[PDB]
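Residue numbers (the entry's author numbering), protein chains in the order written: chain C, 28 to 120; chain C', 28 to 120; chain A, 2 to 219; chain A', 2 to 219; chain B, 1 to 106; chain B', 1 to 212. A prime marks a further copy of an entry chain. Just so you know, even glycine gets a beta-carbon here, dropped at the ideal spot from N, CA and C.
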Amino acid sequence: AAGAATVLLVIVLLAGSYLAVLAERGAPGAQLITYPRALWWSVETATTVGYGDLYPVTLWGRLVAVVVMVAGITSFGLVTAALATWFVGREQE
Amino acid sequence: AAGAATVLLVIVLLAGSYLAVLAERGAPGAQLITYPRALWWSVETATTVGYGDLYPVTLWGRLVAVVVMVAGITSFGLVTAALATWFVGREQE
Amino acid sequence: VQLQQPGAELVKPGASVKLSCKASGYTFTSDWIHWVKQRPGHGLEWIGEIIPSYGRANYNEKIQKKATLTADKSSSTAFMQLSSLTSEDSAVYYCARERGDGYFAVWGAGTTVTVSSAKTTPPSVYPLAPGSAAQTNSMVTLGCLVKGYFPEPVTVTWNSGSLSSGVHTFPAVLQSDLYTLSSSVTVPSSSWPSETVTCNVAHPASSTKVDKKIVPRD
Amino acid sequence: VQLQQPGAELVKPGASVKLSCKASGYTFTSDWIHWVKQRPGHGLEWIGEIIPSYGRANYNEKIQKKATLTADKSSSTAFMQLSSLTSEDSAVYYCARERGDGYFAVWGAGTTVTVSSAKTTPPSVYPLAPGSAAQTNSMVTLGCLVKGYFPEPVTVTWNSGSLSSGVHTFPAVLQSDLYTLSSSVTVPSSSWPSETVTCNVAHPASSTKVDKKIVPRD
Amino acid sequence: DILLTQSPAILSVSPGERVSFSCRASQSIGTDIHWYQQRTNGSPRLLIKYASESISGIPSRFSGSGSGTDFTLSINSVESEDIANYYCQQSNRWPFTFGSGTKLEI
Amino acid sequence: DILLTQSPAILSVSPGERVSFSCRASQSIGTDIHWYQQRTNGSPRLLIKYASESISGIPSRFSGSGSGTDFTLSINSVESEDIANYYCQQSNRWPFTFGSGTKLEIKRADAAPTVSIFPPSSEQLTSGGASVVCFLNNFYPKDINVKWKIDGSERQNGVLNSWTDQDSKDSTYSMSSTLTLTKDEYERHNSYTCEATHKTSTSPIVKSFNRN
Ligand SMILES: [Ba+2]
Ligand SMILES: [K+]
């Protein structure tokens, strides 16, 4: 709702940042293996920015990755439905 | 509908993963030539994540690729319209 | 035997030849069949792959494209048409079954191809029991001599595989367009001739197989 | 002491051994514990990491995977099971605490492992006061001699650390399966024997510690 | 055509001892390298897949490390049943390619 | 396995002067390199993190530069407490890896050894042994030559020398020399001498004690 979809995103972004590191360590070559950049990666992912500096290589990494897209893209296609209503209405008044 | 758009996506994701491999093998240099990563590629594509670790190089590869975008982006711009209604309403109650 | 392909083909130069590969086991939609070529004393050269359910095939760019791949969806057998051959084309030709995930899980035993205008000769097998005066150690060595065959190869077995204990089969030698090799087995001097010991010599290129029991010198 | 792990273990070849690391301080969810191996006169070899709260561990690909990592969530201690050891496996083994951000903030003092069938001997400590006729300079040098111990190592301290002014502890020498080293301290010839000076010799592998006061030659 | 380079060409070793074959690729191929053993007179036999993963039916002696361009097969102890040729094979770009191979001698 | 390559392997330097260690990586790793100091007998000690950032508790002497594949640790002035091994460590791809390490050595002014001879403690003889121990202390360079003599007769045998690595309070070396005999043998000899031929004195430094 007002800021409710916002929160659920941030669960997913953290949660996902965390499991990303858990899944990706042990895979020889993974780029995505410290909690900080895992967190930036999951924003990169939920917003579908696509800079492409980080991504997963393991299977469970990609699995986490899909949850973030689904859960974040639905978050964001609802957090951005809402910065669009409140702020456009404020500037409409 | 409820989970109907979901299914049609998954036809496209598989179907597309499959033809991707079929189109891309034989093209000297293609990255996109085993069924597993073909499947991850077509999620990368339908969600427009853009990590850019895989993509097509042949013409028919790009053709498949466009079907996945169209069919998946419309899927997803309807699967995410729906994780947004059911879950926001559940948390609204 | 998951991939199963003939033993040896003989081809005159300039001629064509079609190689099979029947594949028991699973016959998945997504399965690819590849063909790797091993020249004698060389490594493996990929050549081409085919997806049999769907039809399409793909060939090695960088080799003179002689072959053309085909499949029989309802018979689970796939073919490879080598066309207008030279001697540079004589090698073992494996098929492999790649699931779709990029490694060759499964390999056929491989088809030895010989391009020569020469004639197909079956082999002549002679026993090799020891002299009537060689002093008998704890083990006794004996073998058999496969002489004057063409083309390669010959499978050599002892008691049809039951005695695989201490066998050497030597490499064939060539001479005036026929081959010659020998095998050697070693058994306890107790157990022989108390136990009977036979060498079996399949020659695939002629579809002949023979037996010989290494008796003592009668 | 943030990471705190035993001093020395002795292992017969072929045997196993379990190494600890209790970790006072913070016990974060996200903390990883690593294990680095320093062979004598070599650099650091990573070996494996473990996240103790969540369970999972990851080992160095490219070394013979001998060890297996474990943790005790409610005791803040983590273990490492080296299994079937050779002499190639004798080294110092550090644990480190990596916050999750990829550097080893914190390092345990490290556990010296010796794989030999030999017996565990405690050391024999003798004082080293100067001759009854060596002319006394402004400083006076004196030490103590730790002889015939096994395995390595020994901590050598002077007045139990209070006098750390001008100490050298020499490296052990080996000889017929025992070690020998010496330490050396230097004090003002004024202050001694007006001030008493003792050398203290812990030997972890046997759980023995001793003192000796370097008196003048009585 | 990714170029897989196995040096040395031959490998002596006294028995029971670790042994390592290197396969270096002409560009990064991630982990899409796979190893095959091929004895005298026999066809090849997948040993290790995707550099690290193991095949069921293969001795625990065999171990596979590596990623990017540098890869290694290893035998934590050798016995005389391991004398063979060893190939690597990349599945990361089309066409799949083979290493030149290494023979193990004892 | 990203390959971190620290050359040179050793580094001489006169004191107070800037010094730089290079760590070059087998591919670009951004800035995810971190440096550790490890002295003799101690565990390593994070010095610099993420190439540039500094650790609290570390001298301002230490400074870290670099990015991509080429990295450098630096000490804007050196002192004798810096003699140690220095490792780099990459956290940019799994597994984390370590550099081969560089040892820091210090060219300093030449110094002549403090020789000390120590007769076997009364406590030690009470068994069946007596070791005459001789300490050469705080010389530079590390090349020194110890000579034993019993009664003037050079005993070459039963002699265990031990050399310190370069000490880190003054940049000097030191060396012990156990003289292993038996109680039996030590009693039928009167004098024992310890002789040090070192670069500083063409006259060899001698120290001798007598039981009688
Ligand atoms: Ba996008
Ligand atoms: K991109």
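With a threshold of 8 Å between beta carbons, is residue i in contact with chain C?
i, result
"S67 of chain B", "yes"
"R40 of chain A'", "no"
"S118 of chain A'", "no"
"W35 of chain B'", "no"
"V76 of chain C'", "yes"
"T72 of chain C'", "no"
"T107 of chain C'", "yes"
"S28 of chain B'", "no"
"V34 of chain C'", "no"
"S91 of chain B'", "yes"
List the residues that DSSP assigns as beta-bridge partners of residue i.
i, result
"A196 of chain B'", "B':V146 and B':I205"
"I100 of chain C", "Looking at the DSSP assignment, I100 of chain C forms no beta bridge with any residue, so it has no partner."
"residue 224 of chain A'", "Because chain A' is modelled from 2 through 219, residue 224 of chain A' falls outside the range shown and cannot be assessed."
"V174 of chain A", "A:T181"
"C22 of chain A'", "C22 of chain A' pairs with nothing; no bridge assigned."
"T85 of chain C'", "The partner list for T85 of chain C' (beta bridge, DSSP) is empty, contrary to what the question assumes."
"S174 of chain B'", "B':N137"
"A58 of chain A", "A:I51"
"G64 of chain B", "B:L73"
Cα-Cα, which of the options is closest to residue i?
i, options, result
"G101 of chain B", "B:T31, B:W35, B:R18 and B:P15", "B:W35"
"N160 of chain A", "A:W47, A:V202, A:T30 and A:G15", "A:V202"
"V78 of chain B", "B:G16, B:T5, B:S7 and B:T72", "B:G16"
"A84 of chain B'", "B':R93, B':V115, B':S22 and B':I106", "B':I106"
"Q89 of chain B", "B:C23, B:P8, B:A9 and B:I55", "B:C23"
"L129 of chain A'", "B':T178, B':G66 and B':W94", "B':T178"
"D143 of chain B'", "B':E154, B':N161 and B':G129", "B':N161"
"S165 of chain A'", "A':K63, A':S184, A':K120 and A':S207", "A':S184"
"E62 of chain A'", "B:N76, B:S56, B:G57 and B:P59", "B:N76"
"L83 of chain A'", "A':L11, A':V107 and A':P172", "A':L11"
"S163 of chain A", "A:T197, A:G49, A:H43 and A:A206", "A:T197"
"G116 of chain C'", "C:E51, C:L105 and C:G56", "C:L105"
"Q176 of chain A'", "B':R155, B':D165, B':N138 and B':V159", "B':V159"
"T69 of chain A", "A:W36, A:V186 and A:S75", "A:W36"
"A54 of chain C", "C:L86, C:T112, C:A98 and C:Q119", "C:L86"
"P59 of chain B", "B:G42, B:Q37 and B:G68", "B:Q37"
Pull up the CB-CB distance for residue i and residue j, whole angstroms please, since I reckon it's below 8 Å.
i, j, result
"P124 of chain A", "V147 of chain A", "5 Å"
"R98 of chain A", "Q3 of chain A", "7 Å"
"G103 of chain A", "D32 of chain B", "6 Å"
"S44 of chain C", "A28 of chain C", "About 25 Å; that fails the 8 Å criterion."
"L179 of chain A", "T122 of chain A", "6 Å"
"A92 of chain C", "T72 of chain C", "6 Å"
"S91 of chain A", "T115 of chain A", "5 Å"
"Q6 of chain A'", "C96 of chain A'", "6 Å"
"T113 of chain A", "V93 of chain A", "5 Å"
"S26 of chain B", "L3 of chain B", "4 Å"
"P172 of chain A'", "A9 of chain A'", "About 16 Å; that fails the 8 Å criterion."
Counting only beta-carbon separations shorter than 8 Å, does residue i have a partner in chain B?
i, result
"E62 of chain A", "yes"
"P83 of chain C'", "no"
"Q65 of chain A'", "yes"
"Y95 of chain A", "yes"
"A106 of chain A", "yes"
"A92 of chain C'", "no"
Between residue i and chain B', is the shortest Cβ-Cβ distance under 8 Å, so that the two count as touching?
i, result
"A54 of chain C", "yes"
"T61 of chain C", "yes"
Is there at least one Cβ from chain C' nearer than 8 Å to residue i's Cβ?
i, result
"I38 of chain C", "no"
"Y150 of chain A", "no"
Can you find a CB in chain A' that lies within less than 8 Å of the CB of residue i?
i, result
"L49 of chain C", "yes"
"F71 of chain B'", "no"
Would a check of beta-carbon distances place residue i closer than 8 Å to chain A?
i, result
"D82 of chain B", "no"
Contact shell at 5 Å, judged by CB to any heavy atom of ligand 2, ordered along the chain:
C:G77, C:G79, C':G77 and C':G79
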